[PDB]
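Below is one structure, written out as structure tokens; comments come after it.
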Amino acid sequence: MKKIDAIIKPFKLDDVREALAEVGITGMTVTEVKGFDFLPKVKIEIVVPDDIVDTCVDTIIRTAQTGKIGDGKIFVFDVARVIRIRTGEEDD
Amino acid sequence: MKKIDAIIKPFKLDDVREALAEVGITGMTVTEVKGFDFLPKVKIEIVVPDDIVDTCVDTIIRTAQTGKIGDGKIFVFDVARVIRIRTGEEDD
Amino acid sequence: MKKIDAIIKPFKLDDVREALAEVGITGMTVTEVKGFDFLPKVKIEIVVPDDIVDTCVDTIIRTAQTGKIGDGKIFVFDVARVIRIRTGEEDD
Ligand SMILES: Nc1ncnc2c1ncn2[C@@H]1O[C@H](COP(=O)(O)OP(=O)(O)OP(=O)(O)O)[C@@H](O)[C@H]1O
Ligand SMILES: Nc1ncnc2c1ncn2[C@@H]1O[C@H](COP(=O)(O)OP(=O)(O)OP(=O)(O)O)[C@@H](O)[C@H]1O
Ligand SMILES: Nc1ncnc2c1ncn2[C@@H]1O[C@H](COP(=O)(O)OP(=O)(O)OP(=O)(O)O)[C@@H](O)[C@H]1O
Ligand SMILES: [Mg+2]
Ligand SMILES: [Mg+2]
Ligand SMILES: [Mg+2]
């Protein structure tokens with residue numbers, strides 16, 4: 001699986017959530033951050049299966065972009081293990 | 001080494017800290033986050049040696065779980081380098 | 001590219017920003033975090049080309065250190081993909 005970090009404009013969060021939900025991604029973690037005096041941003045983190053990474057990245061690009069400055073970046077990371085606390089089950 | 005991200009219920013932080021301290025892990029970084037309208041969560045990040053990753057994951061699972069919905073996830077990442085700012089010493 | 005996470009004392013942020021700007025690094029994401037009852041810290045995240053990782057790490061070490069306790073750590077991660085939301089262009 002991969003972790004996708006998207007740093008976006010705060011008012012683009014509901015756009016991105018809505019569009020991701022359409023391609024079936026709903027679980028996400030959101031952090032308030034400062035982007036560099038600074039601009040408030042939100043950091044979206046979602047961990048998804050490898051075969052939907054492209055769909056997710058593309059979806060975030062399409063929805064979060066304004067064509068203007070400050071639209072933000074997407075960072076994708078390899079994830080070694082994913083464990084559910086409820087059950088102890090590993091990876092997904 | 002590995003970085004362990006645990007997204008948990010906020011009132012489970014002291015449980016997890018206490019239990020980790022028992023197996024000798026005390027250094028951690030904590031972030032307030034929103035989990036998906038949303039529920040407040042805390043993100044615990046700890047960077048540990050490879051041979052205690054299992055112990056830590058298991059400890060977090062045992063302490064943070066409620067058997068119910070919302071218990072959260074653990075994400076484990078490879079860490080390329082770990083440097084101490086005090087001394088410049090690399091990895092651990 | 002690599003992602004560099006530096007957990008530092010909050011009043012060291014402008015020091016680090018200023019010094020990084022000198023070696024040409026200006027884009028960064030900053031998060032308020034708690035370091036372990038706890039001390040307020042700031043988490044700096046910057047994603048940089050491989051050949052300036054050493055320069056950046058060294059710069060953060062030199063500027064952020066006080067020689068005393070609590071100076072913090074630098075964690076370096078491999079980054080699979082970096083995508084700009086404005087253009088959809090991948091990696092850098
Ligand atoms: N190297 C980096 N490390 C961590 N975060 C970054 C980095 N570069 C940019 N960011 C985050 O991205 C935000 C700015 O995005 P950016 O302005 O680069 O968008 P863009 O898609 O390149 O559009 P434009 O270039 O037109 O502004 C910053 O607020 C910052 O939080
Ligand atoms: N794909 C993901 N990316 C980032 N964060 C996530 C992801 N999935 C879940 N989370 C975080 O985990 C929290 C929810 O955990 P979750 O409800 O999945 O726990 P669980 O152990 O699966 O228990 P249950 O399935 O019974 O709820 C969310 O609030 C969110 O912050
Ligand atoms: N294993 C870890 N995982 C995540 N964050 C950590 C970890 N260890 C330390 N940190 C972060 O680093 C901060 C403390 O840094 P630390 O005190 O280790 O600095 P140092 O350079 O080792 O100096 P000294 O050892 O003299 O205090 C903590 O507040 C915490 O947020
Ligand atoms: Mg909107
Ligand atoms: Mg409690
Ligand atoms: Mg200062």
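Ordering of the structure tokens sets the chain letters (A, B, ...), residue numbers begin anew at 1 in every chain, and ligands are numbered from 1 in the order given.
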Can you tell me which residues come within 10 Å of ligand 2 when counting only C-alpha atoms and all ligand atoms, ideally as a PDB file with C-alpha atoms, in the first residue's frame?
ATOM      1  CA  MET A   1       0.000   0.000   0.000  1.00  0.00           C
ATOM      2  CA  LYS A   2       0.974   3.658  -0.265  1.00  0.00           C
ATOM      3  CA  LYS A   3       0.473   6.701   1.874  1.00  0.00           C
ATOM      4  CA  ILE A   4      -0.649   9.785   0.005  1.00  0.00           C
ATOM      5  CA  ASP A   5       0.020  13.173   1.622  1.00  0.00           C
ATOM      6  CA  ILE A  25     -11.929   6.244  -0.638  1.00  0.00           C
ATOM      7  CA  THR A  26     -13.338   7.619   2.607  1.00  0.00           C
ATOM      8  CA  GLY A  27     -10.793   6.963   5.366  1.00  0.00           C
ATOM      9  CA  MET A  28      -8.454   9.896   5.822  1.00  0.00           C
ATOM     10  CA  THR A  29      -6.501  11.777   8.458  1.00  0.00           C
ATOM     11  CA  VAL A  30      -6.438  15.574   8.341  1.00  0.00           C
ATOM     12  CA  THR A  31      -3.938  17.915   9.963  1.00  0.00           C
ATOM     13  CA  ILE A  44      -4.632  15.138   4.004  1.00  0.00           C
ATOM     14  CA  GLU A  45      -3.168  11.691   4.619  1.00  0.00           C
ATOM     15  CA  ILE A  46      -4.715   8.633   3.052  1.00  0.00           C
ATOM     16  CA  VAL A  47      -3.366   5.120   2.885  1.00  0.00           C
ATOM     17  CA  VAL A  48      -4.593   3.185  -0.113  1.00  0.00           C
ATOM     18  CA  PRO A  49      -3.943   0.006  -2.122  1.00  0.00           C
ATOM     19  CA  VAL A  82      -0.682  -1.346   8.101  1.00  0.00           C
ATOM     20  CA  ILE A  83      -2.269  -2.695  11.291  1.00  0.00           C
ATOM     21  CA  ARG A  84      -5.815  -2.296  12.571  1.00  0.00           C
ATOM     22  CA  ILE A  85      -5.919  -1.632  16.279  1.00  0.00           C
ATOM     23  CA  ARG A  86      -9.345  -3.226  16.639  1.00  0.00           C
ATOM     24  CA  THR A  87      -8.298  -6.679  15.509  1.00  0.00           C
ATOM     25  CA  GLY A  88      -4.507  -6.707  15.207  1.00  0.00           C
ATOM     26  CA  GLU A  89      -4.860  -7.661  11.531  1.00  0.00           C
ATOM     27  CA  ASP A  92      -4.606  -4.446   3.580  1.00  0.00           C
TER      28      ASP A  92
ATOM     29  CA  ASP B   5       2.244   6.138  13.292  1.00  0.00           C
ATOM     30  CA  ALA B   6      -0.696   5.301  15.485  1.00  0.00           C
ATOM     31  CA  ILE B   7      -3.952   7.190  15.028  1.00  0.00           C
ATOM     32  CA  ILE B   8      -5.910   6.746  18.244  1.00  0.00           C
ATOM     33  CA  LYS B   9      -8.722   8.110  20.404  1.00  0.00           C
ATOM     34  CA  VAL B  33      -5.632  15.467  13.920  1.00  0.00           C
ATOM     35  CA  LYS B  34      -9.111  15.004  12.518  1.00  0.00           C
ATOM     36  CA  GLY B  35     -10.136  11.517  11.509  1.00  0.00           C
ATOM     37  CA  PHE B  36     -12.700  10.833   8.795  1.00  0.00           C
ATOM     38  CA  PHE B  38     -14.936  13.956  11.803  1.00  0.00           C
ATOM     39  CA  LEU B  39     -13.737  12.747  15.186  1.00  0.00           C
ATOM     40  CA  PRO B  40     -10.785  14.277  17.042  1.00  0.00           C
ATOM     41  CA  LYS B  41      -7.874  11.869  17.114  1.00  0.00           C
ATOM     42  CA  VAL B  42      -4.309  11.968  18.150  1.00  0.00           C
ATOM     43  CA  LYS B  43      -1.475  10.858  15.959  1.00  0.00           C
ATOM     44  CA  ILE B  61      -2.912  -2.768  19.836  1.00  0.00           C
ATOM     45  CA  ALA B  64      -5.531   1.316  22.482  1.00  0.00           C
ATOM     46  CA  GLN B  65      -8.243  -1.095  21.465  1.00  0.00           C
ATOM     47  CA  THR B  66     -11.792  -0.917  22.765  1.00  0.00           C
ATOM     48  CA  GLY B  67     -13.161  -3.707  20.580  1.00  0.00           C
ATOM     49  CA  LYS B  68     -15.458  -1.071  19.071  1.00  0.00           C
ATOM     50  CA  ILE B  69     -15.489   1.189  16.010  1.00  0.00           C
ATOM     51  CA  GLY B  70     -12.962   4.019  15.702  1.00  0.00           C
ATOM     52  CA  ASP B  71     -10.010   2.343  17.430  1.00  0.00           C
ATOM     53  CA  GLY B  72      -7.713   3.531  14.648  1.00  0.00           C
ATOM     54  CA  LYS B  73      -4.764   2.249  12.682  1.00  0.00           C
ATOM     55  CA  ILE B  74      -1.059   1.765  12.951  1.00  0.00           C
ATOM     56  CA  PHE B  75       1.114   2.610   9.989  1.00  0.00           C
TER      57      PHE B  75
END
Expected answer as an MDAnalysis selection string: residues within 8 Å of ligand 6, only C-alpha atoms and all ligand atoms = chainID C and resid 10:15
Of the candidates A:18, A:50, A:32, A:37, which one gets nearest to ligand 4 if we count only C-alpha atoms and all ligand atoms?
->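 Result for the nearest residue to ligand 4: A:18.
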C:77, C:23, C:17, C:52 ranked by distance to chain B, top pick (using only C-alpha atoms) =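 Closest candidate: C:77.
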Take CA of residue 54 (chain C) and CA of residue 80 (chain B) and report the distance between them in Å, one decimal.
-> 12.6 Å
Between B:63, B:76, B:91, B:81, which has the minimum distance to chain A (counting only C-alpha atoms)?
-> B:76
If you run DSSP on the backbone, which residues of chain B are strand (DSSP E or B), as a PyMOL selection string?
-> chain B and resi 2-8+29-35+39-48+73-78+81-84+90
Kindly give the distance, in Å, that separates CA of residue 19 (chain B) and atom 22 (O, counted along the ligand's line) of ligand 3, rounded to a single decimal.
-> 21.9 Å
Could you tell me how far CA of residue 56 (chain A) lies from CA of residue 79 (chain B), in Å and to one decimal?
->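 Answer for the CA of residue 56 (chain A) to CA of residue 79 (chain B) separation: 24.5 Å.
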What are the DSSP helix (DSSP H, G or I) residues of region 1-88 of chain C, as an mmCIF file with C-alpha atoms, in the first residue's frame?
data_model
loop_
_atom_site.group_PDB
_atom_site.id
_atom_site.type_symbol
_atom_site.label_atom_id
_atom_site.label_comp_id
_atom_site.auth_asym_id
_atom_site.auth_seq_id
_atom_site.Cartn_x
_atom_site.Cartn_y
_atom_site.Cartn_z
ATOM 1 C CA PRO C 10 9.445 26.456 18.273
ATOM 2 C CA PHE C 11 11.674 29.523 18.560
ATOM 3 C CA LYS C 12 14.209 27.799 16.309
ATOM 4 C CA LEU C 13 11.838 27.835 13.293
ATOM 5 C CA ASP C 14 12.885 31.223 11.939
ATOM 6 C CA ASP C 15 16.586 30.316 12.436
ATOM 7 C CA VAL C 16 16.149 27.178 10.377
ATOM 8 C CA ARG C 17 14.027 28.831 7.705
ATOM 9 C CA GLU C 18 16.552 31.601 7.284
ATOM 10 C CA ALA C 19 19.529 29.251 7.008
ATOM 11 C CA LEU C 20 17.768 26.895 4.598
ATOM 12 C CA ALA C 21 16.821 29.812 2.392
ATOM 13 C CA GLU C 22 20.541 30.557 2.072
ATOM 14 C CA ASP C 50 18.856 13.624 -2.904
ATOM 15 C CA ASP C 51 22.003 15.655 -3.531
ATOM 16 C CA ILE C 52 21.054 18.436 -1.112
ATOM 17 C CA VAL C 53 19.819 16.191 1.717
ATOM 18 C CA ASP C 54 23.234 16.335 3.415
ATOM 19 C CA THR C 55 23.381 20.137 3.048
ATOM 20 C CA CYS C 56 19.930 20.478 4.521
ATOM 21 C CA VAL C 57 20.493 18.087 7.388
ATOM 22 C CA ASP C 58 23.798 19.779 8.195
ATOM 23 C CA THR C 59 22.167 23.200 8.013
ATOM 24 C CA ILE C 60 19.384 22.172 10.365
ATOM 25 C CA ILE C 61 21.861 20.609 12.799
ATOM 26 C CA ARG C 62 24.045 23.771 12.858
ATOM 27 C CA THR C 63 21.177 26.200 13.315
ATOM 28 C CA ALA C 64 18.745 24.286 15.502
#
